[PDB]
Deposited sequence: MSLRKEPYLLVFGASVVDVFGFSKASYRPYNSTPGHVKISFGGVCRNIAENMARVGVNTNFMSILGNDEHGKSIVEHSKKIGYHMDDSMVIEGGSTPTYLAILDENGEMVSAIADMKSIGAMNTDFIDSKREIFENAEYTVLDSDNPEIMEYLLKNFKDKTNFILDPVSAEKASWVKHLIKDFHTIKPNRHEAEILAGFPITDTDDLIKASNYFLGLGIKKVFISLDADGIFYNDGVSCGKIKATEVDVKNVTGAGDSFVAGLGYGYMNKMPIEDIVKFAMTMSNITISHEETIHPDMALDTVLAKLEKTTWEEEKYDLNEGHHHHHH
């Protein structure tokens, strides 16, 4: 009914066993067991739901306990997983890891069997959800599924890319042309462009190459040095100057989420970049990966930030 943003992707349940004693294999070691909900696309969907975006999250789950826990956390926060694939008798993708006294792993099980169950037939049965979406977030996990989604719904919905890694970005450098928005870091952009990006002049040449292919919006993460943008009309670099604490991971997930908010509320380019970066500046500091994220908490920190803005022209 109301305009929504669709996030398609995997959900991985993380189960960590931290040793609170000396580690010994083959024998039961006492410790704390922590359960956290991960997976790039699930992190993005949660962050969006937390700031008020009408989020639909299409995933792959099993009918086990971990799958039920994901669906319950989904209703609490706000991300609707109502159209997800459910595998009867199958497990929800999980990573089990038994860490020692220092925090380094000694044993691990990756259960990713259910991620391979995604096919073109299930995509077709959920066509209305893909078409009625304003924007659709995808990662670079499966190039074959991406290629299918692009040539079937590129004109119906506006696709947003999160490259994940430099390696995963390389197996998808030929498909980036059909995306409305791409969000790589400095290194993932070097891979997608085909040339080394060392300074501002190379970032302008990179983004213009991406825009030339048919991409409308380009956002390049500069890791601490801010974010670079390119509307095709407006170009710049907006940098923050303050927070940098425990685990700078999960920030890119929060940035994609703020791109989604800024788009749904039709905010000006310079302000979308600022809002999205505030969500990253939060996530970096507080460990917990997401701690707390509310519409007002992001709007509260936003004002008390040193914005080092630089504007460019072509």
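Which runs of the deposited chain sequence never show up in the coordinates?
Residues lacking C-alpha coordinates: 1-4, 293, 320-328.
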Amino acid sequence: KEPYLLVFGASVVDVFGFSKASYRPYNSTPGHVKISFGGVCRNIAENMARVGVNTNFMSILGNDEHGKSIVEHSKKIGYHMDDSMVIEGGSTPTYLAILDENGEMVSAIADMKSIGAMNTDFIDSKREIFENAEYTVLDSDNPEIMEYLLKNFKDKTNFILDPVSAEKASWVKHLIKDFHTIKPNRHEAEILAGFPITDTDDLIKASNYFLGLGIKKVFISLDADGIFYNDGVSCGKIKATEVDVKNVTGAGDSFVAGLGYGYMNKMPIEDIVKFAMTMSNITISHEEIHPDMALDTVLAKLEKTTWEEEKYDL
From here on, numbers count along this sequence of modelled residues.
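Between 171-179 and 199-207, which has the larger average Cα B-factor in the PDB entry?
Comparing 171-179 with 199-207, the higher mean C-alpha B-factor belongs to 199-207.
Check the entry's C-alpha temperature factors for 89-97 and 230-238, then say which stretch has the higher mean.
230-238 has the higher mean C-alpha B-factor.
Can you tell me which of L61, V245, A45, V256 has the maximum CA B-factor listed in the PDB entry?
Comparing C-alpha B-factors across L61, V245, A45, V256, the top value belongs to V245.
Given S36, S285, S69, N56, identify the residue with the highest C-alpha B factor in the PDB entry.
Each of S36, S285, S69, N56 was compared by C-alpha B-factor; the highest is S285.
Among all modelled residues of this chain, ranked by Cα B factor, put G212 in the bottom, middle or top third, i.e. lowest, middle or highest.
Its C-alpha B-factor, which the entry lists for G212, ranks in the middle third among residues of this chain.
By the recorded C-alpha temperature factor, relative to the other modelled residues in its chain, which third is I272 in?
Answer is middle: the recorded C-alpha B-factor places it there.
What third of its chain, lowest, middle or highest, does the C-alpha temperature factor of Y4 fall into?
According to the entry, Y4 has a C-alpha B-factor in the chain's middle third.
C-alpha B factor of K113, ranked within the chain: lowest, middle or highest third?
For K113, whose C-alpha B-factor we compare with every modelled residue in the chain, the answer is the lowest third.
Ranking the modelled residues of this chain by C-alpha B-factor as given in the entry, is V40 in the lowest, middle or highest third?
It belongs to the lowest third of the chain when residues are ordered by C-alpha B-factor.
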